[PDB]
Amino acid sequence: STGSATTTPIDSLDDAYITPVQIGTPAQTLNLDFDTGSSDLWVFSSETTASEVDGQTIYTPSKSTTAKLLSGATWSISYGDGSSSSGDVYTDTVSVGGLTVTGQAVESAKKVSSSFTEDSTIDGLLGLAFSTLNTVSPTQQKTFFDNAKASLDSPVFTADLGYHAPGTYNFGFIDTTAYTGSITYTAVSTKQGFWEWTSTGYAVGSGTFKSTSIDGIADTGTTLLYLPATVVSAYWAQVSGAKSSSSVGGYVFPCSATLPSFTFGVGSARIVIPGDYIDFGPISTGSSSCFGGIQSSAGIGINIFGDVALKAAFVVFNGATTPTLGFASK
Ligand SMILES: C[C@H](O)c1ccc([N+](=O)[O-])cc1
Ligand code: NA
């Protein structure tokens, strides 16, 4: 089997991407944020505290003939940005782009933090990191990908995120029309539950490539590119008037600037992030200070290849016995 679904940016900055997901019988379609840096499939629901729902579409298990309470199971997750949610668990039929899993754990939110409530466009998350990070207790649950894997034509999914445009998540096949050149594969460590890999270095604009190992994660549910302070300082030093602002919480730059590209290494290959992808617009409405898309990881504990990086590439998440990542230009 395979599946193929379009993923759409939630706003004009590509802050996140939503993908329609069918849950239950008859289908309830919710727009979920596919997150390769977490491992819970959780939804706004009929159980979510009413004051914490503002415009989201909810899953109602009582209207699904295939829903079944996973008795005793609870969940609680806290994300890198300080957001969180928690609740109880049902199993139900979940379909993505024509690929169906029966018995998928659907984590029903009883509580969500303010950032979720405030984002009317995201009805929940679909985690695509390793199932070792799944929060369900006392019996850990599998991700949609892990449950689908055995049925897929090939044990892979691919992320093809758009810049200010829709893109695609495919399951079970690699669309050879969706990228240019060849795919370069690189090793993955699953030790921390992530798609963790080591970039071979970077370049700023038309500058020389610096060969240096940068461990980090491929995380579709993080907007920006978080890299070591040395790397990030070297990038923003090439932008007149850029500075790190403790008041704003990262590097800002004049909105009048033209940004340089940023290249990262994948083995001997190179992925180039255009300068425009690193513009996250005014810090507040109407400001002439703009927020940078490359930020320091120094206060995270991990480097994160978020959407800024991943949407410059066709990315293969290879879930074979020995997982690997692949990157191609597009
Ligand atoms: C609501 C907030 O933007 C949000 C937080 C965390 C994730 N995630 O890591 O995928 C998505 C969305
Ligand atoms: Na922000």
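Numbers and lists here come from the model and the stated rules, or from a named source; none is laboratory data. Quick reminder, even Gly has a Cβ in these numbers, built from the backbone with ideal geometry, and neighbours come from all protein chains shown.
Are any of the residues in region 4-12 of a type in the set (A, V, I, L, M, F, W, C), in contact with a helix residue (DSSP H, G or I) (Cβ under 8 Å, 6 or more places away or on another chain) and in the same structural domain as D146 (by CATH)? Quick ask: steps written out before the conclusion?
Step one: list which residues in region 4-12 are of a type in the set (A, V, I, L, M, F, W, C), which gives 5, 10.
Going one step further and asking which of them are in contact with a helix residue (DSSP H, G or I) (Cβ under 8 Å, 6 or more places away or on another chain), we end up with none.
No, because not a single residue in region 4-12 is of a type in the set (A, V, I, L, M, F, W, C), in contact with a helix residue (DSSP H, G or I) (Cβ under 8 Å, 6 or more places away or on another chain) and in the same structural domain as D146 (by CATH).
Per-residue answers, yes or no, for (1) under 21 Å from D219 (Cβ atoms); (2) out of contact with any helix residue (DSSP H, G or I) (no Cβ under 6 Å at 6 or more places or on another chain); (3) in a helix (DSSP H, G or I); (4) in contact (Cβ under 8 Å) with a residue 40 or more places away in the chain:
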{"position": "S62", "(1), (2), (3), (4)": "no, yes, yes, no"}
{"position": "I77", "(1), (2), (3), (4)": "yes, yes, no, yes"}
{"position": "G80", "(1), (2), (3), (4)": "yes, yes, no, yes"}
{"position": "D88", "(1), (2), (3), (4)": "no, yes, no, yes"}
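Here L32 clears all of (1) within 13 Å of ligand 1 (Cβ to nearest atom); (2) under 18 Å from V156 (Cα atoms) except the condition numbered (2). Note on region 1-37: residues that are over 15 Å from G124 (Cβ atoms) and of a type in the set (D, E, K, R) total 3.
Got at least one residue in region 262-282 being surrounded by 15 or more Cβ atoms within 10 Å (Cβ to Cβ), within 29 Å of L152 (Cβ to Cβ) and without any contact (Cβ under 8 Å) to a residue 60 or more places away in the chain? Yes, region 262-282 contains a residue that is surrounded by 15 or more Cβ atoms within 10 Å (Cβ to Cβ), within 29 Å of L152 (Cβ to Cβ) and without any contact (Cβ under 8 Å) to a residue 60 or more places away in the chain. Of all residues in region 1-33, which are more than 14 Å from the chain's Cα centre (by Cα), within 16 Å of ligand 2 (Cβ to nearest atom) and aliphatic (A, V, I, L, M)? Across region 1-33, the qualifying residue is only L13.
Being buried (at least 22 other Cβ atoms within 10 Å of the Cβ), within 16 Å of ligand 1 (Cβ to nearest atom) and under 17 Å from the mean Cα position of the chain (by Cα), is that true of even one residue in region 171-192? For region 171-192, residues buried (at least 22 other Cβ atoms within 10 Å of the Cβ), within 16 Å of ligand 1 (Cβ to nearest atom) and under 17 Å from the mean Cα position of the chain (by Cα): absent.
Could you tell me whether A148 is surrounded by fewer than 24 Cβ atoms within 10 Å (Cβ to Cβ) and either assigned to a loop (DSSP other than H, G, I, E, B) or in contact (Cβ under 8 Å) with a residue 12 or more places away in the chain (or both)? Judged against the criteria, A148 is not a match.
Among all residues of region 12-24, there is none that is polar (S, T, N, Q), more than 26 Å from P166 (Cβ to Cβ) and in contact (Cβ under 8 Å) with a residue 40 or more places away in the chain. For region 283-323, filtering for residues that are surrounded by fewer than 18 Cβ atoms within 10 Å (Cβ to Cβ) and under 30 Å from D153 (Cβ atoms) leaves 3.
Within region 34-53, does at least one residue satisfy the condition of being outside the structural domain of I304 (by CATH), surrounded by fewer than 17 Cβ atoms within 10 Å (Cβ to Cβ) and within 23 Å of the chain's Cα centre (by Cα)? Steps first, answer last, please.
Our first condition is that a residue be outside the structural domain of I304 (by CATH); within region 34-53, this holds for 34-53.
From what's left, surrounded by fewer than 17 Cβ atoms within 10 Å (Cβ to Cβ): 46, 49-51.
If we keep only those that are within 23 Å of the chain's Cα centre (by Cα) too, we end up with none.
No.
Condition first: aromatic (F, W, Y), away from ligand 1 (no atom under 16 Å from the Cβ) and in contact (Cβ under 8 Å) with a residue 12 or more places away in the chain. Can you find one or more residues in region 201-218 that meet it?
Applying the first criterion (aromatic (F, W, Y)) to region 201-218 yields 202, 209.
Right, trim to away from ligand 1 (no atom under 16 Å from the Cβ) and you get 202, 209.
Next cut, in contact (Cβ under 8 Å) with a residue 12 or more places away in the chain only: 202, 209.
Yes, some residue in region 201-218 is aromatic (F, W, Y), away from ligand 1 (no atom under 16 Å from the Cβ) and in contact (Cβ under 8 Å) with a residue 12 or more places away in the chain.
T143 meets each of the listed conditions (1) within 16 Å of ligand 1 (Cβ to nearest atom); (2) under 30 Å from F280 (Cα atoms); (3) in the same structural domain as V94 (by CATH); (4) polar (S, T, N, Q) apart from (2). Looking across region 236-293, the residues that are out of contact with any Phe, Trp or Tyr (no Cβ under 6 Å at 6 or more places or on another chain), within 13 Å of ligand 2 (Cβ to nearest atom) and of a type in the set (G, A, S) come down to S245, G249, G250, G281, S284, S287, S289.
Those residues that are hydroxyl-bearing (S, T, Y) and crowded, with 24+ Cβ neighbours inside 10 Å, I need them from region 118-145; list them, please.
Taking region 118-145 as the starting set, the residues that turn out to be hydroxyl-bearing (S, T, Y) are 120-121, 131-132, 135, 137, 139, 143.
Hit for region 118-145 is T143, nothing else.
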